[PDB]
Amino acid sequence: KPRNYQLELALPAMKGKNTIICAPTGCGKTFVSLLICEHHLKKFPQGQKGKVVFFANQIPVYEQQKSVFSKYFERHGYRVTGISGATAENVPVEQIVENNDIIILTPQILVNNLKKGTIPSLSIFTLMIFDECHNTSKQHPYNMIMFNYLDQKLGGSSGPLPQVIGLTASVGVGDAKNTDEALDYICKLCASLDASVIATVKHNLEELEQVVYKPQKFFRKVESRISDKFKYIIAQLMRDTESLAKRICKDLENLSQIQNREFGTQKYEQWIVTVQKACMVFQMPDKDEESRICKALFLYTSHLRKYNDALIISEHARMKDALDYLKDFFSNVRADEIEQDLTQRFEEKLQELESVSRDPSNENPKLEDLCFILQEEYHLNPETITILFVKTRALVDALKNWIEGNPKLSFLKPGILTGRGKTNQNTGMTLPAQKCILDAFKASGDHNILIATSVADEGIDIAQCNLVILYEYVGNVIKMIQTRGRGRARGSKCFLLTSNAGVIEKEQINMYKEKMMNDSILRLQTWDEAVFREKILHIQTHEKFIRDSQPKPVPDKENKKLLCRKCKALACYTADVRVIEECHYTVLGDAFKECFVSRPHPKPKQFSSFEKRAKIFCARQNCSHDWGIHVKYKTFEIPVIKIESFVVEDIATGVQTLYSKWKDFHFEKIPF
């Protein structure tokens, strides 16, 4: 049965108004979506019918809502379907939309069909439901859909527009400093969704509270480790590696605009990257010492990265975790004359590092305050379900081994949850491997605590956790309100454990931003709905004028060279390059086939017309630098290269340029 606060949220939508529904995570917005959609489809007379589209930002939420809407409306005589990236190609989308009454969609599927013209205008729909509507922002596919909606509303083109409904737990305030700034960000968000009403729970607040409780937050400010015998060693290997680069490249300190860099910092990381992109554009006339000097500096900068990474891992986890990170790196580097030198310089101090990592007196004080908290809660409630958010995927693996390798935590049964990772790198965690652990992360399951990276807005619902711990982890006001839904029962707790005062302070800001987020909405609801619809109209118009008044570059028909970024080897020319569907780039000619090898692809996914088959690398002198992928297009199998892997050398001028995207590289682009 529907609750009274669920009916209260659906009331403005059931009255036909474009409504943003702001409610706490876990209060059952999905039921509210059904209540609105069940009312929308029954109000039409016999000679008419309605069509609803539901937008989902992730495949798990896509399959979830597709199954919920299917089993709720099938008996009532409505057809539900869905179009995701898997079933989007070679299918008549226009027929699928017309032959079904409810279509759960991924927003990119609609954005691509509006451009292709297969879906001419949004008039085909009578109701659009945006899940996590706060994402209707700068360039998200939600806003691109609303740009199509607004251009038809403001232009002279008539045609019935669909009702727009948005669900979120927080509309946000942006970078607002006071209530007036917060009120304008909310109004501009309502203008992006054409919303006339913000539906919140006001009359049944007592019922909503007895269903979703607010976890009490605890800020735990700690101190960093005092003496770092691990850093004194690793900082020496970096100074050693910094010197070996100097012998090859004089005045290396002038290669970056970053001064006074320090080991184990984000500023050093920006520095070790700036120099890396500068050593690739070196032009030696020998063209063989070029492949020697550049490749040598690329290895030094690559090794200096893992050292700087380990120094950060040491500051947030055990010295042993930063040790095993480097051990895996050199074990990956092995199986070159320069790599063997940097390995011997490391293997020398390896035994000394292990005698420092094993020293029980060099314990991380932050992990001892995390151990104290875990010991306390599981001593009070031994059936505690805990989820621990960390910043990097290396920190997930670090705290997992730390929990499994601590006798004081033998009561813990830790699990892992990371993102899917990059599509062309054997990293991350596949979707079945994700769902296989979230089914094991229960009070009756195998695992007692989950260590996770950041998660999408609300995502699939996992077991309620009476303990949530944020380890050096801070976010915006929206994410703060969504992590409350991790535990909704009475007695849920949330710990923010960090050694940085700016992290504690950012959460205090977010708490004040939420106050401004509510008080702005509270007084926004006290306006005449006609005045509100008119205020957003000039916003809708002024945001369109700016968009309508915002650059087609002139290409460079001069042929260029494409060299490997690591060994400077000639791979192909721009004359051999053909473009596919204005997005993807391949190489012709039989000379390019002699320059790359192929490993089987770790994630053989599929996009517009491509079947991933292999990854391609450089082959000259065993460079193995990633160049792209080898896919199977409609007819044949071809390589697909990324310009990020290469350096563009000009033939006559001899200049070497670095391009990060193909759109920023202008040359003769022949269709394939």
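A residue's number is simply how far along the shown sequence it sits, counting from 1.
A.B. asks: How many missing residues of the deposited sequence lie between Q550 and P551 in the entry, grouped as none, 1 to 3, 4 to 9, or 10 or more?
C.D. replies: 1 to 3 residues are missing.
A.B. asks: Residues without coordinates, deposited sequence, stretch from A335 to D336: is the count none, 1 to 3, 4 to 9, or 10 or more?
C.D. replies: Missing residues, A335 to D336: 1 to 3.
A.B. asks: Take the C-alpha B-factors listed in the entry for 214-222 and for 138-146, compute each mean, and give the stretch with the larger one.
C.D. replies: Looking at the recorded C-alpha B-factors, 214-222 comes out higher on average.
A.B. asks: Between 475-483 and 232-240, which has the higher average C-alpha B-factor in the PDB entry?
C.D. replies: Averaging CA B-factors over each stretch, the winner is 232-240.
A.B. asks: Which listed residue, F31, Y633, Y62, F44, has the largest C-alpha temperature factor in the record?
C.D. replies: Highest C-alpha B-factor among the listed options: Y633.
A.B. asks: For the CA B factor values reported in this entry, which option in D328, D151, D131, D175 has the top one?
C.D. replies: In the PDB entry, the greatest C-alpha B-factor among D328, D151, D131, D175 is found at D328.
A.B. asks: Test of reading the entry: by CA B factor among the chain's modelled residues, which third contains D194?
C.D. replies: Answer is lowest: the recorded C-alpha B-factor places it there.
A.B. asks: Lowest, middle or highest third: where is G82 by C-alpha B factor in its chain?
C.D. replies: According to the entry, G82 has a C-alpha B-factor in the chain's lowest third.
A.B. asks: Rank-wise, by C-alpha B-factor, drop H40 into the lowest, middle or highest third of its chain.
C.D. replies: Lowest third of the chain for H40's C-alpha B-factor.
A.B. asks: Based on the deposited C-alpha B factors for this chain, I'd like to know if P120 is in the lowest, middle or highest third.
C.D. replies: Ranked within chain, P120 CA B lands in the middle tercile.
A.B. asks: Can you tell me which third, lowest, middle or highest, the CA B-factor of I638 falls into for its chain?
C.D. replies: Answer is middle: the recorded C-alpha B-factor places it there.
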